[PDB]
Amino acid sequence: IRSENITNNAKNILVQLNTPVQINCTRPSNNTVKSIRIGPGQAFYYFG
Amino acid sequence: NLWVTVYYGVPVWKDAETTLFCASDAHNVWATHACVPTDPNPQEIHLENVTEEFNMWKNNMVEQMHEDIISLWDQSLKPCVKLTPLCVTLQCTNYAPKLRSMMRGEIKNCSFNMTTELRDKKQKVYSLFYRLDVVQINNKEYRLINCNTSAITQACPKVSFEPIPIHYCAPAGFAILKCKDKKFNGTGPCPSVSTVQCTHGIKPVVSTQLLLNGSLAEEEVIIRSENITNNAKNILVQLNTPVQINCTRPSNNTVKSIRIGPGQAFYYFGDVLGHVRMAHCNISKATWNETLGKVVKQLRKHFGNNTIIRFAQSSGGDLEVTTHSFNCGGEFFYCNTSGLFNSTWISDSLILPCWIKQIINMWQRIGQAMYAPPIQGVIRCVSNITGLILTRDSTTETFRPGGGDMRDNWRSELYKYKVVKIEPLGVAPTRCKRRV
Amino acid sequence: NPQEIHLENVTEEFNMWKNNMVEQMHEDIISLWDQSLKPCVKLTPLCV
Amino acid sequence: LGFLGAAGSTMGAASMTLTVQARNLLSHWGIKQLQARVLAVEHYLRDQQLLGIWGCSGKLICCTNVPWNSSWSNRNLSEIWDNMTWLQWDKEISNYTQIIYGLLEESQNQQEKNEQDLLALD
Amino acid sequence: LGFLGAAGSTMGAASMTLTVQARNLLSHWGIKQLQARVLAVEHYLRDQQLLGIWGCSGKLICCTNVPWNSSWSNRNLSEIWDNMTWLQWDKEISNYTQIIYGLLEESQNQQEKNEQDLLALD
Amino acid sequence: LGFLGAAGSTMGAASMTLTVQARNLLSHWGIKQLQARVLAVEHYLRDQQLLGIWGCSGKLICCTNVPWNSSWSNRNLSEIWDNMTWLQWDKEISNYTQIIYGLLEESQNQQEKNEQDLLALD
Amino acid sequence: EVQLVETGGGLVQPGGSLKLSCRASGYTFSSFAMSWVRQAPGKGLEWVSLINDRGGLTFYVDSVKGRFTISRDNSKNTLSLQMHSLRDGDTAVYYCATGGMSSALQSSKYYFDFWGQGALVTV
Ligand SMILES: *[C@@H]1O[C@H](CO)[C@@H](O[C@@H]2O[C@H](CO)[C@@H](O[C@@H]3O[C@H](CO)[C@@H](O)[C@H](O[C@H]4O[C@H](CO)[C@@H](O)[C@H](O)[C@@H]4O[C@H]4O[C@H](CO)[C@@H](O)[C@H](O)[C@@H]4O)[C@@H]3O)[C@H](O)[C@H]2NC(C)=O)[C@H](O)[C@H]1NC(C)=O
Ligand SMILES: *[C@@H]1O[C@H](CO)[C@@H](O[C@@H]2O[C@H](CO)[C@@H](O)[C@H](O)[C@H]2NC(C)=O)[C@H](O)[C@H]1NC(C)=O
Ligand SMILES: *[C@@H]1O[C@H](CO)[C@@H](O[C@@H]2O[C@H](CO)[C@@H](O)[C@H](O)[C@H]2NC(C)=O)[C@H](O)[C@H]1NC(C)=O
Ligand SMILES: *[C@@H]1O[C@H](CO)[C@@H](O[C@@H]2O[C@H](CO)[C@@H](O)[C@H](O)[C@H]2NC(C)=O)[C@H](O)[C@H]1NC(C)=O
Ligand SMILES: *[C@@H]1O[C@H](CO)[C@@H](O[C@@H]2O[C@H](CO)[C@@H](O)[C@H](O)[C@H]2NC(C)=O)[C@H](O)[C@H]1NC(C)=O
Ligand SMILES: *[C@@H]1O[C@H](CO)[C@@H](O[C@@H]2O[C@H](CO)[C@@H](O)[C@H](O)[C@H]2NC(C)=O)[C@H](O)[C@H]1NC(C)=O
Ligand SMILES: *[C@@H]1O[C@H](CO)[C@@H](O[C@@H]2O[C@H](CO)[C@@H](O)[C@H](O)[C@H]2NC(C)=O)[C@H](O)[C@H]1NC(C)=O
Ligand SMILES: *[C@@H]1O[C@H](CO)[C@@H](O[C@@H]2O[C@H](CO)[C@@H](O)[C@H](O)[C@H]2NC(C)=O)[C@H](O)[C@H]1NC(C)=O
Ligand SMILES: *[C@@H]1O[C@H](CO)[C@@H](O[C@@H]2O[C@H](CO)[C@@H](O)[C@H](O)[C@H]2NC(C)=O)[C@H](O)[C@H]1NC(C)=O
Ligand SMILES: *[C@@H]1O[C@H](CO)[C@@H](O[C@@H]2O[C@H](CO)[C@@H](O)[C@H](O)[C@H]2NC(C)=O)[C@H](O)[C@H]1NC(C)=O
Ligand SMILES: *[C@@H]1O[C@H](CO)[C@@H](O)[C@H](O)[C@H]1NC(C)=O
Ligand SMILES: *[C@@H]1O[C@H](CO)[C@@H](O)[C@H](O)[C@H]1NC(C)=O
Ligand SMILES: *[C@@H]1O[C@H](CO)[C@@H](O)[C@H](O)[C@H]1NC(C)=O
Ligand SMILES: *[C@@H]1O[C@H](CO)[C@@H](O)[C@H](O)[C@H]1NC(C)=O
Ligand SMILES: *[C@@H]1O[C@H](CO)[C@@H](O)[C@H](O)[C@H]1NC(C)=O
Ligand SMILES: *[C@@H]1O[C@H](CO)[C@@H](O)[C@H](O)[C@H]1NC(C)=O
Ligand SMILES: *[C@@H]1O[C@H](CO)[C@@H](O)[C@H](O)[C@H]1NC(C)=O
Ligand SMILES: *[C@@H]1O[C@H](CO)[C@@H](O)[C@H](O)[C@H]1NC(C)=O
Ligand SMILES: *[C@@H]1O[C@H](CO)[C@@H](O)[C@H](O)[C@H]1NC(C)=O
Ligand SMILES: *[C@@H]1O[C@H](CO)[C@@H](O)[C@H](O)[C@H]1NC(C)=O
Ligand SMILES: *[C@@H]1O[C@H](CO)[C@@H](O)[C@H](O)[C@H]1NC(C)=O
Ligand SMILES: *[C@@H]1O[C@H](CO)[C@@H](O)[C@H](O)[C@H]1NC(C)=O
Ligand SMILES: *[C@@H]1O[C@H](CO)[C@@H](O)[C@H](O)[C@H]1NC(C)=O
Ligand SMILES: *[C@@H]1O[C@H](CO)[C@@H](O)[C@H](O)[C@H]1NC(C)=O
Ligand SMILES: *[C@@H]1O[C@H](CO)[C@@H](O)[C@H](O)[C@H]1NC(C)=O
Ligand SMILES: *[C@@H]1O[C@H](CO)[C@@H](O)[C@H](O)[C@H]1NC(C)=O
Ligand SMILES: *[C@@H]1O[C@H](CO)[C@@H](O)[C@H](O)[C@H]1NC(C)=O
Ligand SMILES: *[C@@H]1O[C@H](CO)[C@@H](O)[C@H](O)[C@H]1NC(C)=O
C-alpha cells in the first residue's frame, strides 16, 4: 500500500496486489455498423 | 616484433544512408529557402586507383529526393484557398455544340450556385470545365471528380511550377561518390569514380511514359533495370541524343476571378477568344524512328539478339498511368503516345493528341487534389525527350510505356551517385614503440 | 542581474540602422502574436 | 590530391594526407537536417574519446605498447605498407577491430597507474 | 562489473573503472529529444574544457601542483581511499569544489608562463 | 577584469586572461535556437581541431617551429606586445592568417614523421 | 645497377674545411637512408654519420658531432657532407653508403647494402 501522505485524507492510495484478480468483461450484442459519406472524402461510422 | 599504431584521418569509408542537405540557386514553388543558396562550383577529386561498386536500385538518395519533393509540394499548397464550395451539384451543357472536330463535347459550360464573400449571399457563376474534370450524377447534373475523395486546393495562382534545379550535398563527415564511368548499367564497379561535395543540378521534372529534360547518355543508349529477366520490373532507357518535342495548347483563353469568401477567390476558365482547338505534341517522325532503332539495337545486346522487338501502346488504367504527362507553362497535359509505339522490329511530323485537366491528383495521393488555375493566353512548350520508361509483357517480346511511380524519374539522374560515411580511424602494424 | 564588464580602452563603431537585433525582435513579436491567436475562435459567421 | 585523393594510394603514401581527411570531418523538414548535424558531432566525439582513452589524444599518428598479433591477418610488413590501400586493409582486419581496441584501452590504464606511482616517489 | 558497477566500491578500487564510465557519456515532440542530445554534448565539452584548462587534457588520471588543504575535509589518506566510496566523497567536499577548481586553473597559467619563458632561453 | 575585460589592454597584458575567455565559449521558433547552439558547437570543435592538428592540443599558449616572416607585418617585437591590443593585431595580419595556418599544419606533419622514425630505432 | 659515386676530397690544411658529395642512381634515392663511413689509412672502417630518407634526422659519431654536417637533396639524388675544423686524424677515404635506419614501415636494416668507392680526404 503506497501513498504520498498516508495520514492525509486528501491524498489517494495506490494498492498493488500480489495476485491478479481475473475479470471477464463483455458486450454480448451482435452489432452491425453502417457508413455514410458526409463530405468530399469523409464518412462517419455508426451503430446500425 | 611489430607494434600496433593508430592513425586518425585515414581515407576510408563505409556505405551509409544519411540525410543530405538541399542546396540551391536563382514566385516559384521550389523557392522555399529550405534549400540553401550555394556556390555550384563542382569541386571534384578523382580517385585514381579506386574501384567501387554502385547499386542504383538501392540508392537512398532517391528515396530522399522523392520525399523532399512531395513534402515541398504539399507545403507550398498548404496556405492556399480550399475550394470546398465547388463540390456542389453543377448544371452543364456543351460549350460549343456546333463543332465537328476532335474537341466537340470536350469543353463544358457549367453553372453553379456559388458562395459569395458574405455568409448569407449566393451568386450565379458560369465557368468552363474539361470533360475529364466532371462526371454525371444521373441540361445534365454533374459533379466534380474530386467529390469521391477530397477537397481541392486552389494552386496558389501566383506561383510558378518551373523545375528550378537543385543540388544534393553531403554534410560534414560524408562524401558523395560519382560513378563517372561510361556505359554504366546501374550496378557493379565504377573504375572512374570521383568524389564530389554536391550533385549536379537536377531539375525536378515530373512525367510519365517519357522522361523529359534529363541527362543524356555520353556515348550510346543505355538500358537499365533492377532485374532484366523479370517482367515485373520496368526498364529505364537513357538516350544518347535528345528527341525534340514541341507541345502546345493553341487556344487563346481568358481567365476570370470570383470571390468565394472573406479573402478567397478562385480562378476559372472564362472563355475562348477565337476557336477551339485540341492540344497536341509534335515529334519529328524520322528522329523518333532513329531513336527506336537505337533502343532496339541495344535491347538485342542482352535480350533477343536474333528475335523480334515489338512496341505497343499502354494497356489501360486512368490517364495518369496510360498517357504521357507533363506540366508545361503551369498547365497539365495528358498525351496519347500510341503513335510512338506502333512497330515491330525484326532481326513529316508525328502528332500526339493531348487533353488537359484542371483537377490534379499527383503521386497517387488519394485524399488530396489540386486545382490548377487555367492560364491566360496560349501555351508553347519545347522540351527534350531524354529517356523512356518501358515495361515488357516465343520469338517476339512486346514493350510498352510505363510510369506512375515517380521514383523512376529520379533514379535516372541519381544513378551516378553514392553516399558514403567517412570512417577515419584505423590501425596497422609498424616498427615503432612508445618509450614508456 | 545586469552583469556588465566595462571595456576601459576600447572604442568600437555601432550602426543602429543595420542592426539585426531589430530584425529579430520584429519577427519574434509577430510570430508570438500570431501563435497566441492561433487556437482561438474564428468569427467566420460574423461576415454576414 | 585533396579530400580522399589518397584513397587509392598505398597505405604508406596515404599516411601523408591525414590532415586533409581530418579537416573534412567538421567542415517538420528542417529538423532532420539538424538531427544529422547533431549525430555527426556525436560520431566525431566518439572517435576523439577513443584516442583520448588510448593515450593518443593530440596526434594524427601515434604508437602504442600493444604488439601486433600474427593471428591478426599477418601480411608481412612491407606488403601492407607498399602494396595495399587503406580500404583493403580495413577489410583484412575487420574482425579484429574490437579486440585491438580492447587491448589498446587496457594497455593505457596500466600505463597511467605506473606513471601515477612514479610521481609519488620522493 | 560494467557501467557504475564500481559505484559501491571504495574510491581506490573504483579508480580502475574510469574507462567504463567515460565511454557511457557519449554512447513539436521530436525537437525535445534533439534538445536533450545537444545539451548532453555541451555538458561533455564543458568537462573536457576544464581538463584542458587545468593541464590535464588527455588523461583519465592526472596530477597537479595544488596541495591539498587540511581545511578541505581532512579525512586522512588511507581512510579516503580504502573506506569510502566516490558517492560519499562527493558530499564530503561538495563546498570546496569551486575553490579547488579555481586553484587548479591558477596553478596552470603559472606553469604555462614558466614554460614559455624557458623556451626562449637560447 | 572579467570577460573581455582585457580587450582594450595590450597584447602582453591580455595574455593573462585566456582562461576567462575560453570558458565563455561554452558557458517553428524553438528550432532556430537549437540550430544556433549546434552551430556554436561546430565552431568550437573547428578551433579545437586546428589546435590538435598543429600539435598544440591541450594548451592555451604554445610554441611552434614556424619562424615569423618579416613580410607578415613586421612591427618589431616590443611594439606588438606592449603598445598594441589584440583587436588591432587581428587586422595587422588579417591577410596572412591562412598562410600561417598552412605553415603550422605542414610543420607538424614533418614533426610527427620524425618522431615516428625515432621510435623505431632499437 | 645501383651506383654511388663520390666526388670532392683533396688535401686540406688542418683547421680548414671541405665538402664531399655523392651522386646516386639505380634505386629510388628518396626510399633509402644513407651514411658516410670513414676508412682511415690502416683502420679500415669507422662510422661517421647517418641521415634518414627524408633528410630530417641526422646522427653523428661524437668525434665529428660539433664539426660535420650531413645533408640531402632528393630532387638531385645527392648526398653530401660538409666537414669543418678539420684535423689530421680525419685523413681517410670517405664512403657513400646506403643503409642503416629506415622509415619504420619498411623492415629496418641497421646494415649497409651499397657502397661507393669513396673520396680521399687528407688533412
Ligand atoms: C524543358 O526545358 C525547357 C527549356 O527551359 C522548358 O521550356 C521553357 O518553359 C518555360 C516555362 O514554361 C518557358 O518560359 C515562359 O516563356 C513565355 C514566352 O513568352 C513567357 O511569357 C513566360 O513568362 C510568364 O510566366 C512567368 C512565370 O514565372 C512570369 O514570371 C512572367 O512574367 C510571365 O508571366 C505572365 O504571363 C502569364 C501568362 O498567362 C500570366 O499568367 C502571368 O500572370 C504573367 O502575366 C515564361 O517565360 C520557356 O520559354 C520554355 N522554353 C522554351 C524554349 O520554350 C520546358 O518546359 C522543360 N520541360 C518541362 C516538362 O518543364
Ligand atoms: C500529511 O500532510 C499533513 C498536512 O495537512 C501534515 O500534518 C499536518 O500539520 C498541520 C500543522 O498545523 C496539522 O494541523 C495537521 O492536523 C496535520 N495533519 C495530519 C494528518 O497530521 C502531515 O504531517 C503529513 N503527513 C506525513 C506522513 O508527512
Ligand atoms: C429507427 O426507426 C425507423 C423509422 O421507423 C426504422 O426504419 C423503418 O424500418 C421499417 C422496417 O420494415 C421499414 O419498413 C421503414 O420504411 C423504415 N423507415 C424508414 C424511414 O426507412 C429504423 O429501422 C429504426 N432503426 C433501427 C436500427 O431499427
Ligand atoms: C530476377 O527475379 C527472378 C524472380 O522471379 C529470379 O529468378 C527466378 O528464380 C525462381 C526460383 O524458383 C525461378 O522459378 C524463376 O523462373 C526465376 N525467374 C527468372 C526470370 O529467371 C531471377 O534470377 C532474377 N534475375 C536476376 C538477373 O537477378
Ligand atoms: C455558358 O452558357 C451561358 C448561358 O446561355 C452563356 O451566357 C449567356 O451569353 C449570352 C451572350 O449574348 C448572353 O446574352 C446571356 O445573357 C448569357 N446568359 C447568362 C445567364 O448570363 C455563357 O456565355 C456560356 N459560357 C461561355 C463561356 O460562353
Ligand atoms: C519545335 O519549334 C522550333 C521553333 O521554336 C522548331 O525549330 C525550327 O525548325 C525549323 C525546321 O527547318 C528551322 O528552320 C528553324 O530555324 C527552327 N527554329 C529554331 C529557333 O531553331 C523545331 O523544329 C520544332 N520541333 C519540332 C519537333 O517540330
Ligand atoms: C490513343 O489513340 C488510340 C487510337 O484511337 C486509342 O486506341 C483505340 O481505342 C479505341 C477504343 O474503343 C479502340 O476501339 C481502337 O481500336 C483503338 N485503336 C487501336 C489502334 O488500338 C488509344 O486507346 C488511345 N490511348 C489512350 C490512352 O487513350
Ligand atoms: C594472438 O591471437 C590468438 C588467437 O586468439 C591468441 O591465442 C589464444 O591465446 C589464449 C590465451 O589463453 C588461448 O587460450 C587460446 O587457445 C589461444 N588460441 C589459439 C588458437 O591458440 C594468441 O595468444 C594471441 N597472441 C598474442 C601475442 O596476443
Ligand atoms: C586552507 O583553507 C583555509 C580556509 O580558507 C585558509 O585559511 C585562510 O587563509 C587566508 C589567507 O589570507 C586568511 O586570510 C584566512 O583568515 C584563513 N582562514 C582561516 C580560518 O584561518 C588556508 O590558508 C588554506 N591553506 C592552504 C594551504 O591553502
Ligand atoms: C616571407 O614572405 C615572402 C612573400 O611571399 C616570401 O618571399 C617569396 O618566396 C618565394 C619562394 O619561392 C618566392 O618565389 C617569391 O618571389 C618571394 N616573394 C618575394 C616578394 O620575394 C619569403 O620567402 C617569406 N620568407 C619566409 C622566411 O618564409
Ligand atoms: C514508507 O516507508 C518510510 C520508511 O521510513 C516511511 O517513513 C513512510 O511513511 C512510508 N510511507 C507510507 C505511505 O507509509
Ligand atoms: C440555384 O438554386 C435555385 C433554387 O431553386 C435553383 O433553381 C437553381 O437551378 C440553382 N442554380 C444552379 C446553377 O445551381
Ligand atoms: C467515384 O468512383 C466511381 C468508380 O468507378 C466512379 O464511377 C464515380 O464517377 C466516381 N465519382 C466521381 C465524383 O468521380
Ligand atoms: C549490369 O552489368 C553487370 C555486370 O556483371 C551485370 O551483372 C548486370 O546484370 C547488368 N544489369 C543489367 C540490367 O543487365
Ligand atoms: C523506321 O525503321 C524501319 C526499319 O525497317 C523502316 O522500315 C521504317 O520505314 C522506318 N520509318 C521511318 C519513318 O523512317
Ligand atoms: C548479338 O548481335 C550481334 C550483332 O552484330 C552479333 O554480332 C553477336 O554475335 C550476337 N550475339 C550472339 C550471342 O549471337
Ligand atoms: C499502327 O499503324 C497502323 C497503320 O495503318 C494503324 O492502322 C494502327 O491503328 C496503328 N496503331 C496504333 C496504336 O496507332
Ligand atoms: C488573346 O486575345 C487578346 C485580345 O486582345 C489578344 O490581345 C492576345 O494577344 C491574344 N493572345 C494570343 C496568344 O493570341
Ligand atoms: C536539348 O539538348 C540540346 C543539346 O545541346 C540542348 O542544347 C538543348 O538546350 C536541350 N533542351 C533542353 C530543354 O534541355
Ligand atoms: C595507380 O597504379 C599505377 C600502376 O603503376 C601506379 O603507378 C599509380 O601511382 C597508382 N596511383 C596511385 C594513386 O597510387
Ligand atoms: C615477408 O617478410 C619477409 C621478411 O624478410 C620478406 O623477405 C618477404 O619478401 C615478405 N613477403 C612479401 C610478400 O613481401
Ligand atoms: C570475419 O568473419 C567472417 C565469418 O564468416 C569471415 O567470413 C570474414 O572473412 C572474417 N573477416 C576477417 C577479416 O577474417
Ligand atoms: C560490500 O561490503 C562487503 C563487506 O565485507 C565487502 O566485502 C564487499 O567487497 C563490498 N562490495 C563492494 C562492491 O565493495
Ligand atoms: C590517520 O593518519 C594517521 C597517519 O599515520 C594514521 O596512523 C591513522 O590510522 C589514520 N586514521 C585513520 C582513521 O585511518
Ligand atoms: C556546505 O555548507 C552547508 C551550509 O549549512 C553545510 O551544511 C554543509 O555540510 C557543507 N558541506 C560541506 C562539505 O562542508
Ligand atoms: C588605457 O590607457 C591608459 C593611458 O595611460 C593606461 O594607463 C590604461 O592602463 C589603459 N587601460 C588598459 C585597460 O590598458
Ligand atoms: C624596433 O626593434 C629595435 C631592435 O632593437 C628597437 O631598438 C626599436 O626601438 C624598435 N622600434 C620600436 C617602435 O619599438
Ligand atoms: C589585405 O588586402 C587588402 C586588399 O586591398 C588590403 O587593403 C589590406 O590592407 C590587406 N591587409 C593587410 C593586413 O595587409
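Residue numbers (my numbering), protein chains in the order written: chain A, 339 to 386; chain B, 711 to 1146; chain C, 66 to 113; chain D, 2 to 123; chain E, 2 to 123; chain F, 2 to 123; chain G, 1253 to 1375. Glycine is no exception: its CB is placed at the ideal position from the N, C-alpha and C atoms.
Query raised in the report: Got a sec: is the Cβ-Cβ distance from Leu120 (chain F) to anything in chain B below 8 Å?
Result: Residue mapping note: residue 120 (chain F) aligns to position 119 of the sixth sequence, counting from 1. Yes - at least one Cβ of chain B is within 8 Å of the one on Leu120 (chain F).
Query raised in the report: Is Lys832 (chain B) closer than 8 Å to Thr825 (chain B) when the C-beta atoms are compared?
Result: Here residue 825 (chain B) refers to the residue found at position 115 of the second sequence. Here residue 832 (chain B) refers to the residue found at position 122 of the second sequence. Cβ atoms of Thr825 (chain B) and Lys832 (chain B): closer than 8 Å.
Query raised in the report: How about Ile876 (chain B): is its C-beta nearer than 8 Å to some C-beta of chain D?
Result: The count along the second sequence starts at 1 and reaches residue 876 (chain B) at position 166. Output row for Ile876 (chain B): interface = no.
Query raised in the report: Relative to the alpha-carbon of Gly1278 (chain G), which residue among G:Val1375, G:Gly1368 and G:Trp1288 has its alpha-carbon at the smallest distance?
Result: Against the seventh sequence, residue 1278 (chain G) aligns to sequence position 26. Looking at the Cα atoms, G:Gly1368 is the closest of the given residues.
Query raised in the report: What is the chain-ordered set of residues for which the beta carbon lies under 6 Å from any non-hydrogen atom of ligand 12?
Result: B:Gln801, B:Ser821, B:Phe822, B:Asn823 and B:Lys834
**Report entry** Other residues of its chain near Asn343 (chain A): CB distance less than 7 Å, five sequence neighbours each side excluded
**Finding:** Locating residue 343 (chain A) in the first sequence gives position 5, where the first residue counts as 1. Taken in chain order, the residues that qualify are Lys349.
Query - Assigned exposure category for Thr1047 (chain B) - 16 Cβ within 10 Å defines buried - result: Start at 1 with the first residue of the second sequence, and residue 1047 (chain B) comes out as number 337. Per the 10 Å Cβ criterion, buried.
Query raised in the report: Is the beta carbon of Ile955 (chain B) sitting closer than 8 Å to the one on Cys991 (chain B)?
Result: If you number the second sequence from 1, residue 955 (chain B) lands on position 245. If you number the second sequence from 1, residue 991 (chain B) lands on position 281. Cβ distance < 8 Å, so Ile955 (chain B) and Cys991 (chain B) count as in contact.
Query raised in the report: Could you give the residue range of the alpha helix (DSSP H) that holds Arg38 (chain E)?
Result: By 1-based counting over the fifth sequence, the position of residue 38 (chain E) is 37. Looking at the DSSP string, the run of the alpha helix (DSSP H) that includes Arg38 (chain E) is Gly31 to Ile54.
Query raised in the report: Does the distance from the CB of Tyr852 (chain B) to the CB of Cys802 (chain B) come in under 8 Å?
Result: As a position in the second sequence, residue 852 (chain B) is number 142, starting the count at 1. As a position in the second sequence, residue 802 (chain B) is number 92, starting the count at 1. Yes, these two residues count as a Cβ contact at 8 Å.
**Report entry** 8 Å Cβ cutoff, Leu35 (chain E) in contact with chain F
**Finding:** Taking the first residue of the fifth sequence as position 1, residue 35 (chain E) is located at position 34. Yes, its Cβ sits closer than 8 Å to a Cβ of chain F.
Query raised in the report: Is it right to say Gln22 (chain D) is buried, meaning 16 or more other beta carbons lie within 10 angstroms of its own, or is it exposed?
Result: In the fourth sequence, counting from the first residue as 1, residue 22 (chain D) sits at position 21. Its Cβ being crowded by 16 or more others within 10 Å, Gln22 (chain D) is buried.
Query raised in the report: Shorter than 8 Å from the beta carbon of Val113 (chain C) to some beta carbon of chain B?
Result: Here residue 113 (chain C) refers to the residue found at position 48 of the third sequence. Yes - at least one Cβ of chain B is within 8 Å of the one on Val113 (chain C).
Query raised in the report: Start and end of the alpha helix (DSSP H) containing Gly103 (chain D)?
Result: For the purposes of this step, residue 103 (chain D) is taken as residue 102 along the fourth sequence, with counting starting at 1. It spans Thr98 to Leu119 - the alpha helix (DSSP H) in which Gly103 (chain D) sits, taken as one unbroken run.
Query raised in the report: So which of B:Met1080, B:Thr1106 and B:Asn950 has the shortest CA-CA distance to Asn1015 (chain B)?
Result: Walking along the second sequence from the start, residue 1015 (chain B) turns up at place 305. Ranking the options by Cα distance to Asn1015 (chain B), first place goes to B:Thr1106.
Report task. Could you name the residues of the stretch 1126-1143 of chain B whose beta carbon sits closer than 7 Å to any beta carbon of chain G, in the order they occur along the chain? Result -> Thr1140, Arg1141 and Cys1142
Query raised in the report: If you compare alpha carbons, which of B:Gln785, B:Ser734, B:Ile1066 and B:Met812 is closest to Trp30 (chain D)?
Result: Within the fourth sequence, the letter at position 29 stands for residue 30 (chain D). The candidate whose alpha carbon is nearest that of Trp30 (chain D) is B:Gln785.
Requested in this report: Could you name the residues of the same chain whose beta carbon sits closer than 8 Å to that of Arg76 (chain F), not counting the 5 residues immediately before and after it, in chain order?
Outcome: Position 75 of the sixth sequence holds residue 76 (chain F). Cβ neighbours of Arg76 (chain F) beyond the five flanking positions: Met85 and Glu93.
Query raised in the report: Between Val931 (chain B) and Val1005 (chain B), which are expected to be in contact by the criterion C-beta below 8 Å, what is the C-beta distance as a whole number of angstroms?
Result: For this step, residue 931 (chain B) is matched to residue 221 along the second sequence. For this step, residue 1005 (chain B) is matched to residue 295 along the second sequence. 6 Å between Cβ atoms; contact.
**Report entry** Same chain, Cβ closer than 6 Å to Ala1022 (chain B), neighbours up to 5 away in sequence not counted
**Finding:** As a working note, residue 1022 (chain B) is residue 312 in the second sequence. Excluding residues within five positions, the ones whose Cβ falls inside 6 Å are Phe1051, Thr1108 and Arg1110.
Query raised in the report: Beta carbon of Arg1102 (chain B): closer than 7 Å to some heavy atom of ligand 14?
Result: Start at 1 with the first residue of the second sequence, and residue 1102 (chain B) comes out as number 392. Incorrect: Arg1102 (chain B) has no Cβ contact closer than 7 Å to ligand 14.
Query raised in the report: In three-state DSSP terms, what is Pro960 (chain B)?
Result: Residue numbering aside, residue 960 (chain B) sits at position 250 when the second sequence is read from its first letter. In the structure shown, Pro960 (chain B) sits in a strand (DSSP, three-state: E or B).
Requested in this report: Please state if the CB of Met771 (chain B) and the CB of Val1088 (chain B) are separated by a distance shorter than 8 Å.
Outcome: Against the second sequence, residue 1088 (chain B) aligns to sequence position 378. Against the second sequence, residue 771 (chain B) aligns to sequence position 61. Not closer than 8 Å, so no.
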